[PDB]
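Below: the structure, in structure tokens.
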There are 4 protein chains.
Amino acid sequence: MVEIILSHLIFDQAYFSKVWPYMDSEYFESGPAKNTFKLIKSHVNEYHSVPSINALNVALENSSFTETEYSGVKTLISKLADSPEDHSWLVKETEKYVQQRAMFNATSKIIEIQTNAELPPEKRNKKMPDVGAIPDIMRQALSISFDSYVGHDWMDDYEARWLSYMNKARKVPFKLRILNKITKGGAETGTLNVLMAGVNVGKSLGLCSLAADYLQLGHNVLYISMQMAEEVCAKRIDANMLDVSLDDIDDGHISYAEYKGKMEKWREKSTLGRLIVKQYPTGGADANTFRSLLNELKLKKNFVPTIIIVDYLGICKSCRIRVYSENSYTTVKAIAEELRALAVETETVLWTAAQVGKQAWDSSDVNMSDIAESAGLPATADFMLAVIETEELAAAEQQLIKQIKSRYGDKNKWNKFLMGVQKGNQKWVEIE
Amino acid sequence: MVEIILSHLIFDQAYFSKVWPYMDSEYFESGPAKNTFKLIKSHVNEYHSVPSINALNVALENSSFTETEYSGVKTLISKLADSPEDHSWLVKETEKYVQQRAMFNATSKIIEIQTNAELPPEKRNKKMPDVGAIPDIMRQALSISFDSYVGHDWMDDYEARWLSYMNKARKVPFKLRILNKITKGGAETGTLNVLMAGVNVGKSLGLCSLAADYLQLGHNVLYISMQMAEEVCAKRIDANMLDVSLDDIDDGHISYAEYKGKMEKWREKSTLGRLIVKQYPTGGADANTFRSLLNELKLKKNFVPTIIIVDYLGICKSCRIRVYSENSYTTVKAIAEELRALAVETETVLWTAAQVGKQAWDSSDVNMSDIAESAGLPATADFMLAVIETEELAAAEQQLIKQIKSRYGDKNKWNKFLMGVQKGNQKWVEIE
Amino acid sequence: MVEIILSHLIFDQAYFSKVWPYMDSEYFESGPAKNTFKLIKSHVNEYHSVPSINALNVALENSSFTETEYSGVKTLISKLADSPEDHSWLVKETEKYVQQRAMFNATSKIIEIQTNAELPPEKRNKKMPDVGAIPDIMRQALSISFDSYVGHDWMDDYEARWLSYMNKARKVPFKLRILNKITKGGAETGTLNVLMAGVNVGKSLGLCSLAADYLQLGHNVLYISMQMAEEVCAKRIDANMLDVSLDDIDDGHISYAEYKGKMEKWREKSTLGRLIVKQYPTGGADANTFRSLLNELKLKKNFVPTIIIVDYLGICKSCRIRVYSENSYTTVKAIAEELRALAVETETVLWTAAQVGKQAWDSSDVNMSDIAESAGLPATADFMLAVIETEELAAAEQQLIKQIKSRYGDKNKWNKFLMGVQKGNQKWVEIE
Amino acid sequence: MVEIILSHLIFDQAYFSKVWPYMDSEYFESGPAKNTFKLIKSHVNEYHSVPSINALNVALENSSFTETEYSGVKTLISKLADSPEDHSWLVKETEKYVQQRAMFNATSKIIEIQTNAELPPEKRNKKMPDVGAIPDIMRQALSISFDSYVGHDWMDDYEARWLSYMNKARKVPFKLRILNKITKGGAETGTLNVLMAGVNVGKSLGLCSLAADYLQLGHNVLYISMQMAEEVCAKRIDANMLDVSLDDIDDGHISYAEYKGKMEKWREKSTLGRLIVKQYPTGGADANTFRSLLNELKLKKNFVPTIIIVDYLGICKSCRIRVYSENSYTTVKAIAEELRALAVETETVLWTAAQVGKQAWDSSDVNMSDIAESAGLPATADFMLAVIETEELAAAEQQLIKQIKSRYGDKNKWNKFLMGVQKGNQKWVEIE
DNA sequence: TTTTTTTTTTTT
Ligand SMILES: Nc1ncnc2c1ncn2[C@@H]1O[C@H](COP(=O)(O)OP(=O)(O)OP(O)(O)=S)[C@@H](O)[C@H]1O
Ligand SMILES: Nc1ncnc2c1ncn2[C@@H]1O[C@H](COP(=O)(O)OP(=O)(O)OP(O)(O)=S)[C@@H](O)[C@H]1O
Ligand SMILES: Nc1ncnc2c1ncn2[C@@H]1O[C@H](COP(=O)(O)OP(=O)(O)OP(O)(O)=S)[C@@H](O)[C@H]1O
Ligand SMILES: [Mg+2]
Ligand SMILES: [Mg+2]
Ligand SMILES: [Mg+2]
């Protein structure tokens with residue numbers, strides 16, 4: 001029914017107002033229909049009005065396509081004529097036609113991706129998406145229903161807004177009291193929280209301590225280590241949970257009986273979730289890789305995480321920018337934005353680590369301007385905490401956590417407090 | 001390869017154990033292959049054992065099909081032979097075949113769903129799923145593999161992680177008591193270890209001493225040199241091992257009797273490894289060149305290294321970044337990441353050296369901020385030591401090895417420790 | 001004998017382990033044999049084992065091949081069969097076949113090289129080697145035997161190392177005993193030696209004196225002067241060797257009989273080499289230019305230098321770097337690395353010059369931190385020297401040398417030795 | 001080409017004496033060309049003189065030739081003319097022909113060697129060289145050049161070098177006795193010479209003066225100005241040459257009659273050169289635009305300069321630096337290198353100006369350390385005169401010339417000298 | 001040819 005759609009795009013102002021915002025060039029044909037719609041779209045972009053038959057003929061004469069295409073477009077334009085119709089049958093039929101064409105294009109692209117990925121490398125016609133984003137494309141084929149959400153009205157829609165304040169399902173409480181106090185109830189789902197410490201100051205000890213604390217509070221935690229292996233992170237978690245020093249495990253001061261007893265005692269407790277550690281090579285995982293990991297975890301292991309942790313965003317690969325194409329600023333900003341998009345998609349608290357510049361190392365204070373790889377990371381991150389350690393603090397078994405970007409509350413209040421990091425047990429303890 | 005799959009299902013046993021749970025009748029065909037697999041599955045369900053060829057013939061006789069296909073099935077079971085193929089290739093090829101067939105089935109299913117949706121509701125099939133199920137089932141076809149483990153589970157896999165604590169399987173001792181003490185068992189496999197010092201301060205001296213100590217502990221050590229050539233390194237090793245000064249070699253104070261006698265005395269030891277010294281042009285070798293070198297070392301001789309000593313990573317080239325496309329920071333970070341990836345792939349301890357800045361060449365203390373080239377090298381490294389030499393230290397044949405970074409222990413317990421350095425013998429001795 | 005080679009690759013473990021590491025795809029043909037070897041090589045790379053017939057004709061042959069290629073590969077794979085042949089005749093015949101194919105490929109390559117170079121520019125197919133490097137390709141093709149020579153085994157190659165020690169077949173002695181007692185026999189072959197003096201302090205008087213000494217020692221010397229003309233240097237050499245003041249050759253106090261006669265005196269001496277002087281514009285000569293000059297000298301003048309003296313390292317250009325960089329650190333380091341690579345490739349002692357920092361001007365002592373252009377140059381140099389004659393040594397015709405970096409020995413043993421400069425004769429004399 | 005070669009062997013003397021030693025029978029053909037050269041070689045041997053074309057015909061008349069050869073030889077002899085080609089093109093073309101024929105013969109010989117090598121050992125030719133001789137044979141093909149001049153060969157070019165010292169082939173006098181005294185006969189070709197303008201001491205006045213003394217000595221001078229127009233610079237030149245004060249021209253004291261009379265008086269003198277003034281915008285002239293200007297002047301104006309004077313080094317731009325700066329050190333160092341490269345490649349004396357440090361401005365004495373361009377100009381400059389002005393020197397109409405860097409001669413011989421600067425006529429006169 | 005981030009280096 002392409003002829004009817006074009007005719008009522010021309011000879012119906014009411015029809016054009018609703019269907020146009022959604023009409024696209026890939027929904028008609030590879031011949032006369034697409035060319036006619038391209039003519040109409042160019043005229044609309046140039047004059048912001050629906051062209052007439054004379055305007056279409058003039059644009060057709062000032063066009064460069066061949067004789068066959070010219071004749072087809074001329075016949076199609078000559079066949080366009082308004083008919084007595086009703087707005088509803090046309091809008092519903094157009095929605096059905098657009099949905100069918102979107103599904104057809106999506107399945108054609110799916111077949112193309114499958115037949116392209118099944119090719120020897122270096123001859124796979126790059127810039128074509130991989131099989132990993134096969135379902136997502138189909139998800140885009142179903143989100144076309146002529147029902148775009150205009151937005152949220154402050155006065156018209158306030159009961160629904162008020163039924164989001166006492167819900168509190170968005171906030172995931174910590175286990176430390178100070179972190180809950182500064183965040184006013186803990187971190188929120190669909191966010192990107194960051195730890196900035198430097199090199200060998202913490203920043204993975206803190207992530208492991210957070211993972212252990214969330215695990216004790218009945219949470220499913222997905223640790224993703226882009227550098228350290230799976231047994232080192234698991235060893236850190238074991239040291240945190242079992243209250244056994246990493247030196248004791250290395251020096252064999254803990255027996256198999258004690259280890260088994262502690263593990264079974266933790267297992268028999270109802271207030272304990274599941275922690276899963278996954279390792280990827282440095283620069284070999286992205287947002288799409290994490291989504292594939294999420295899907296295979298949900299299917300194979302029936303594991304649905306809420307506290308997804310990534311060891312370092314700077315070590316991950318952007319899923320949109322080719323490697324080493326853009327500078328550190330753009331690449332890191334894109335990676336952080338994609339991670340935040342993943343977090344809001346799966347509705348999980350995302351925790352990450354970030355390096356500071358060389359000038360901030362061995363300094364008694366770390367500012368937000370000391371971020372290493374990009375200034376956009378603080379802009380695209382919900383909460384950031386700076387971990388500072390000096391010789392005096394190290395001798396006191398304490399670290400100073402400074403609130404650098406506090407989006408859940410006022411950062412001026414409680415800006416710097418001293419945590420009791422214990423490096424042997426990979427644990428954070430409070431001083432209150 | 002359905003014939004191979006069926007033959008190794010009937011005959012091979014470990015392949016049957018690994019591949020049978022991930023087998024469905026929809027993966028094979030709609031003809032003789034499907035019928036044969038159905039017969040095998042029925043037999044294995046009746047009797048919990050793999051059938052034989054005579055059993056297959058009996059099942060065909062008692063459980064019959066239409067002769068049209070029955071002839072094709074009986075001629076299909078005439079070629080299944082033992083054919084002792086290797087297990088890894090067979091498993092990988094079967095996995096690829098089942099993944100391809102799953103993708104084909106998912107595409108056909110989504111096409112059928114789309115076709116059914118187009119049909120009017122009066123005559124549309126009821127067993128077919130709705131269009132909304134198209135994405136998820138596609139995901140069900142994306143995550144199909146033979147990997148029963150998707151990650152590391154803290155509570156599920158408490159066993160097989162305690163084994164890694166009893167038997168280290170990662171630690172490699174240092175032959176020096178101070179380094180073992182500050183490392184708690186020595187450097188670990190799949191790690192990048194760095195000695196940082198000023199120009200001609202003794203980066204090669206320390207690396208040669210470590211190589212000699214590893215060689216005395218029955219280790220395969222591969223010394224790759226982008227500079228310093230080859231012979232020069234073997235002379236340093238000879239000075240360390242044969243207890244002859246460098247001046248003696250270049251002044252002719254050692255006879256061929258002493259040299260050959262000491263070499264054969266070392267050869268008679270059963271606790272001696274192999275030391276291959278390889279030379280590459282400065283800036284003319286990368287991680288892939290190292291992988292090719294390892295492959296040719298494994299082929300042309302029975303040499304698989306456990307220690308890999310790269311003389312200086314700064315004078316290597318990245319296997320991803322084009323030459324001089326990026327600055328020092330990005331290139332050196334990429335080189336360090338590639339070297340660590342090589343280390344984790346080969347499960348070897350990779351030692352290397354790095355230069356310090358121009359400002360630290362005449363300083364009694366060297367900080368992590370004094371690293372030359374990238375600041376991401378300390379981030380990528382697993383263990384970094386700073387070699388400091390001053391006039392007072394040189395007057396006593398000693399250096400000031402300082403812990404810059406340590407993923408093996410707390411860097412503050414023994415941060416700075418004096419080490420006697422015999423430059424004539426190119427040897428590190430410990431003060432006792 | 002391609003069929004026999006492939007058959008015994010598939011069906012012989014000993015033959016495979018003997019001949020596979022020396023196999024290349026450029027040896028068989030441009031038809032079925034090359035495709036079969038590609039399949040075998042891909043299988044061995046992927047699974048580290050020799051493929052079987054089933055793996056070849058099922059798991060691998062189902063790939064992107066045309067009908068003719070598919071038929072040829074099928075026929076060749078079906079024709080493969082194990083044949084009983086002695087495993088001393090097979091290896092020798094395979095080695096002969098490989099050598100013949102390498103020679104054939106080299107001949108075709110040099111024919112293509114000549115055809116390309118015969119064509120006029122703008123169509124000359126860059127990155128293809130010039131006509132000068134025809135003999136090296138043929139020589140490489142000649143030495144294509146199946147001998148395992150990967151690196152320098154420490155225990156297996158101590159005989160050759162001792163031969164190198166006793167022959168001292170790396171040292172090139174100086175004519176000055178002071179420079180021989182600190183270098184333990186002079187400079188080594190594959191080395192980069194540097195002089196740092198300042199502005200109008202030396203830095204070419206020293207290079208000219210070293211060239212004159214090497215000329216008197218029978219060495220072939222190549223003086224590449226980027227900053228000085230081909231004649232300004234020669235005249236300095238004449239002043240050094242003829243014991244005539246540099247001013248006397250300008251005012252005219254030396255008669256032609258003296259000049260020609262003194263020259264004839266040197267010519268009659270059999271311990272005199274060639275000091276060929278070649279000038280390049282300042283900033284217009286790289287390592288590739290020097291290689292072209294070496295090839296031209298070898299072909300035309302039959303001149304193979306043992307000493308290469310570049311008048312100034314910092315006014316050359318980098319062959320690897322394509323876009324000029326305002327950062328002097330990277331450019332000078334790249335130039336030094338390329339020069340040292342050239343030196344180790346040609347086994348020629350390479351002397352050059354470096355500029356000291358303005359702070360070091362009129363300073364009684366010059367440290368290594370006074371290097372001006374780059375801090376990477378001292379890291380790549382094998383031996384550096386500093387000239388620090390400020391004001392009083394000039395009145396006594398003296399120059400003090402500090403020995404800033406010494407890779408031939410301990411630089412703290414004889415740090416200063418107060419060389420006897422003579423600027424009129426442009427030479428160095430000892431203070432014995 | 002063979003016809004031309006034989007014709008100019010018969011009918012020329014310089015061509016014969018130049019190309020006969022490099023002429024062989026195998027270089028021509030297997031029919032007319034080779035036989036005809038054989039006749040020339042035969043006659044050149046029995047009678048040591050070039051045969052007459054009739055004598056060459058007499059050789060054909062009296063020689064063993066097959067009917068076809070004898071005819072072929074007669075036709076070729078009748079086809080030789082005494083036409084006059086240019087010598088350089090003839091020598092170059094016959095060299096190329098000889099090189100191509102030698103390469104073809106060597107390639108055919110190595111192919112024949114390889115073919116003979118792949119033959120039954122019992123059955124092969126003994127005279128054919130072994131395969132190992134292939135790389136040497138090609139070398140003999142590449143060692144064919146009518147004239148070998150790769151650089152300056154010491155002990156092989158001493159007679160030519162002496163003719164350079166006596167004839168002062170490189171020196172260009174100054175017309176000022178003091179400047180000739182300190183340069184041992186003037187500046188040299190292929191050099192960069194700069195004057196260190198101090199505190200508002202000067203701006204082009206000196207370079208304009210240098211553009212008059214060279215003009216009076218007969219040299220072609222190209223004055224490139226950036227901060228001035230052509231008319232203004234030529235007005236400064238007129239002031240110096242016509243003895244008219246600079247302000248007198250603007251005021252109008254000098255009339256057209258006197259101006260034209262003085263100009264024609266200068267034109268009558270045969271000891272006068274040509275001055276070409278070219279203007280470029282500030283920062284819009286790198287030392288690659290100057291090459292284009294020289295090419296245009298040579299092609300169109302036939303003006304090949306011996307002196308090139310650039311108004312100001314700082315105003316110039318680097319050919320390949322992209323980013324320019326009003327007063328940046330990196331640009332000045334690059335500009336100096338590019339200008340000196342231009343001087344070397346054009347064999348011209350290049351003069352320019354640069355600013356100095358404020359300390360050099362306040363202090364009457366100027367140190368190389370006290371220079372705006374440090375380690376950049378006193379490294380690429382053969383001569384650097386420090387022209388500074390003092391109120392006392394001003395009151396006496398003088399300027400103290402100090403010699404800060406003299407590659408030509410000893411810097412301390414005559415370092416300080418007083419110059420009679422006239423600021424009105426823009427002139428330098430000597431002081432008794 | 002400019003523009004902007006980050007780093008590293010060096011010169012004043
Ligand atoms: N095995 C161990 N035993 C004891 N202490 C350890 C051990 N590993 C690490 N530490 C301590 O933990 C501190 C911080 O460890 P990490 O969390 O790995 O630092 P980091 O910031 O994550 O390292 P990078 O540079 O970001 S990869 C170190 O400085 C050590 O003091
Ligand atoms: N060939 C040698 N003969 C004698 N002593 C040497 C020799 N090479 C090095 N040394 C001594 O050992 C010290 C360190 O040398 P290396 O370990 O080779 O240098 P490095 O720290 O690797 O730095 P580079 O690579 O030379 S910039 C020197 O400063 C000397 O004291
Ligand atoms: N013709 C000469 N007569 C006498 N002494 C000279 C002569 N040329 C140079 N010198 C002296 O030689 C030294 C100059 O060093 P050179 O060997 O020319 O190299 P350089 O000048 O230091 O290099 P740069 O980059 O040009 S500063 C000074 O001590 C001069 O006095
Ligand atoms: Mg970390
Ligand atoms: Mg080194
Ligand atoms: Mg010089």
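Ligands are numbered from 1 in the order shown, chains are lettered A, B, ... in the order of the structure tokens, and residues start at 1 in each chain.
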
Filtered DSSP result for region 106-343 of chain C, state helix (DSSP H, G or I), as a ChimeraX atom specification: /C:106-118,131-133,135-142,158-167,177-183,205-216,230-242,248-251,256-268,287-301,328-343

Within 6 Å of chain B, which residues of chain A show up when using only C-alpha atoms, listed as JSON, numbers by chain? {"A": [135, 138, 199, 275, 276, 277, 278, 296, 358]}

Resulting file, chosen residues, N, CA, C and O atoms, as an mmCIF file, in the first residue's frame:
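Once written, part34.cif looks like this:
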data_model
loop_
_atom_site.group_PDB
_atom_site.id
_atom_site.type_symbol
_atom_site.label_atom_id
_atom_site.label_comp_id
_atom_site.auth_asym_id
_atom_site.auth_seq_id
_atom_site.Cartn_x
_atom_site.Cartn_y
_atom_site.Cartn_z
ATOM 1 N N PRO A 135 20.199 -10.144 18.468
ATOM 2 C CA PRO A 135 18.872 -9.923 19.070
ATOM 3 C C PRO A 135 18.539 -8.458 19.272
ATOM 4 O O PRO A 135 17.376 -8.066 19.102
ATOM 5 N N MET A 138 16.802 -7.000 16.440
ATOM 6 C CA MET A 138 15.405 -7.415 16.437
ATOM 7 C C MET A 138 14.605 -6.642 17.476
ATOM 8 O O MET A 138 13.434 -6.315 17.251
ATOM 9 N N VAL A 199 48.177 4.047 41.574
ATOM 10 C CA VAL A 199 48.743 2.733 41.301
ATOM 11 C C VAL A 199 49.166 2.112 42.624
ATOM 12 O O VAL A 199 49.954 2.703 43.373
ATOM 13 N N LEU A 275 28.419 -14.810 44.245
ATOM 14 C CA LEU A 275 29.451 -14.009 43.602
ATOM 15 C C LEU A 275 30.094 -14.824 42.492
ATOM 16 O O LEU A 275 30.496 -15.972 42.712
ATOM 17 N N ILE A 276 30.192 -14.234 41.306
ATOM 18 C CA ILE A 276 30.783 -14.892 40.149
ATOM 19 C C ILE A 276 31.862 -13.990 39.572
ATOM 20 O O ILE A 276 31.608 -12.815 39.290
ATOM 21 N N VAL A 277 33.060 -14.541 39.393
ATOM 22 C CA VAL A 277 34.220 -13.797 38.914
ATOM 23 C C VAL A 277 34.533 -14.247 37.495
ATOM 24 O O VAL A 277 34.685 -15.447 37.235
ATOM 25 N N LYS A 278 34.625 -13.286 36.581
ATOM 26 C CA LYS A 278 34.928 -13.542 35.182
ATOM 27 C C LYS A 278 36.130 -12.706 34.771
ATOM 28 O O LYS A 278 36.214 -11.519 35.103
ATOM 29 N N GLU A 296 24.386 -15.229 28.827
ATOM 30 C CA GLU A 296 24.802 -16.605 29.074
ATOM 31 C C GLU A 296 24.777 -16.938 30.560
ATOM 32 O O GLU A 296 24.570 -18.099 30.925
ATOM 33 N N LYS A 358 50.035 10.973 36.788
ATOM 34 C CA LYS A 358 51.329 10.756 37.427
ATOM 35 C C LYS A 358 51.623 11.820 38.476
ATOM 36 O O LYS A 358 52.321 11.548 39.460
#

Could you pull out the residues in region 153-353 of chain A that DSSP calls strand (DSSP E or B) from the backbone, as a PyMOL selection string? chain A and resi 171-172+187-188+191-196+220-225+274-279+309-310+349-353

Specify as a PDB file with N, CA and C atoms (P, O5', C5', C4', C3', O3' and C1' of nucleotides), in the first residue's frame all residues of chain E found within 12 Å of chain B, counting only C-alpha atoms (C1' of nucleotides).
ATOM      1  P    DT E   6      42.071  15.946  29.755  1.00  0.00           P
ATOM      2  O5'  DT E   6      43.414  15.110  29.548  1.00  0.00           O
ATOM      3  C5'  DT E   6      43.343  13.762  29.106  1.00  0.00           C
ATOM      4  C4'  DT E   6      44.731  13.213  28.851  1.00  0.00           C
ATOM      5  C3'  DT E   6      45.776  13.602  29.899  1.00  0.00           C
ATOM      6  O3'  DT E   6      46.171  12.456  30.637  1.00  0.00           O
ATOM      7  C1'  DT E   6      46.622  13.766  27.662  1.00  0.00           C
ATOM      8  P    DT E   7      47.216  12.586  31.848  1.00  0.00           P
ATOM      9  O5'  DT E   7      48.613  12.248  31.161  1.00  0.00           O
ATOM     10  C5'  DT E   7      48.684  11.217  30.188  1.00  0.00           C
ATOM     11  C4'  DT E   7      49.964  11.332  29.391  1.00  0.00           C
ATOM     12  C3'  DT E   7      51.210  11.563  30.240  1.00  0.00           C
ATOM     13  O3'  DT E   7      51.973  10.370  30.306  1.00  0.00           O
ATOM     14  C1'  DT E   7      51.179  12.906  28.237  1.00  0.00           C
ATOM     15  P    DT E   8      53.167  10.235  31.371  1.00  0.00           P
ATOM     16  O5'  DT E   8      54.421  10.861  30.609  1.00  0.00           O
ATOM     17  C5'  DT E   8      54.729  10.437  29.288  1.00  0.00           C
ATOM     18  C4'  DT E   8      55.830  11.291  28.701  1.00  0.00           C
ATOM     19  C3'  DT E   8      56.910  11.713  29.700  1.00  0.00           C
ATOM     20  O3'  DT E   8      58.163  11.174  29.311  1.00  0.00           O
ATOM     21  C1'  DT E   8      56.197  13.542  28.337  1.00  0.00           C
ATOM     22  P    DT E   9      59.467  11.401  30.218  1.00  0.00           P
ATOM     23  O5'  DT E   9      60.183  12.653  29.532  1.00  0.00           O
ATOM     24  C5'  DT E   9      60.417  12.645  28.131  1.00  0.00           C
ATOM     25  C4'  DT E   9      60.624  14.054  27.611  1.00  0.00           C
ATOM     26  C3'  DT E   9      61.716  14.844  28.316  1.00  0.00           C
ATOM     27  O3'  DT E   9      62.936  14.716  27.599  1.00  0.00           O
ATOM     28  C1'  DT E   9      59.773  16.179  27.751  1.00  0.00           C
ATOM     29  P    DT E  10      64.328  15.120  28.290  1.00  0.00           P
ATOM     30  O5'  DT E  10      64.429  16.695  28.050  1.00  0.00           O
ATOM     31  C5'  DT E  10      64.562  17.197  26.731  1.00  0.00           C
ATOM     32  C4'  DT E  10      64.297  18.690  26.687  1.00  0.00           C
ATOM     33  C3'  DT E  10      64.940  19.492  27.800  1.00  0.00           C
ATOM     34  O3'  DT E  10      66.341  19.760  27.520  1.00  0.00           O
ATOM     35  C1'  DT E  10      62.698  20.232  27.400  1.00  0.00           C
TER      36       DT E  10
END

If I take CA of residue 248 (chain D) and CA of residue 419 (chain D), how far is one from the other in Å, to one decimal? 23.7 Å

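Superposing chain B on chain C by least squares over all C-alpha atoms, matched in sequence order, gives an RMSD of 15.5 Å.
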
Residues within 12 Å of residue 88 (chain A), only C-alpha atoms (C1' of nucleotides), excluding chain neighbours under 6 positions, as a VMD selection string: chain A and resid 14 to 15 18 to 19 94 to 95

Print the selection's residues with N, CA, C and O atoms to a file, as a PDB file, in the first residue's frame.
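Result went into again-v5.pdb, see below:
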ATOM      1  N   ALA A  14      -3.572  16.062   8.017  1.00  0.00           N
ATOM      2  CA  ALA A  14      -3.694  15.312   9.262  1.00  0.00           C
ATOM      3  C   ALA A  14      -2.868  14.033   9.219  1.00  0.00           C
ATOM      4  O   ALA A  14      -2.185  13.693  10.193  1.00  0.00           O
ATOM      5  N   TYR A  15      -2.935  13.307   8.100  1.00  0.00           N
ATOM      6  CA  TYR A  15      -2.165  12.043   7.958  1.00  0.00           C
ATOM      7  C   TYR A  15      -0.669  12.339   8.070  1.00  0.00           C
ATOM      8  O   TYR A  15       0.028  11.622   8.815  1.00  0.00           O
ATOM      9  N   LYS A  18       0.971  12.814  11.707  1.00  0.00           N
ATOM     10  CA  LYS A  18       1.239  11.644  12.587  1.00  0.00           C
ATOM     11  C   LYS A  18       2.247  10.683  11.951  1.00  0.00           C
ATOM     12  O   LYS A  18       3.209  10.310  12.645  1.00  0.00           O
ATOM     13  N   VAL A  19       2.037  10.283  10.695  1.00  0.00           N
ATOM     14  CA  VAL A  19       2.916   9.249  10.065  1.00  0.00           C
ATOM     15  C   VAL A  19       4.323   9.787   9.775  1.00  0.00           C
ATOM     16  O   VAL A  19       5.286   9.023   9.982  1.00  0.00           O
ATOM     17  N   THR A  94      -0.899   1.892   8.082  1.00  0.00           N
ATOM     18  CA  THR A  94       0.468   2.376   7.942  1.00  0.00           C
ATOM     19  C   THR A  94       1.357   1.832   9.049  1.00  0.00           C
ATOM     20  O   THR A  94       2.517   1.484   8.803  1.00  0.00           O
ATOM     21  N   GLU A  95       0.839   1.757  10.276  1.00  0.00           N
ATOM     22  CA  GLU A  95       1.615   1.172  11.362  1.00  0.00           C
ATOM     23  C   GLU A  95       1.935  -0.287  11.076  1.00  0.00           C
ATOM     24  O   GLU A  95       3.072  -0.731  11.271  1.00  0.00           O
TER      25      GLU A  95
END

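Going from CA of residue 2 (chain D) to CA of residue 64 (chain D) covers 21.2 Å.
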
Within 9 Å of ligand 5, counting only C-alpha atoms (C1' of nucleotides) and all ligand atoms: which residues, as an MDAnalysis selection string? (chainID B and resid 199:200 202:204 225:228 311:312 315 353:354) or (chainID C and resid 379:380)
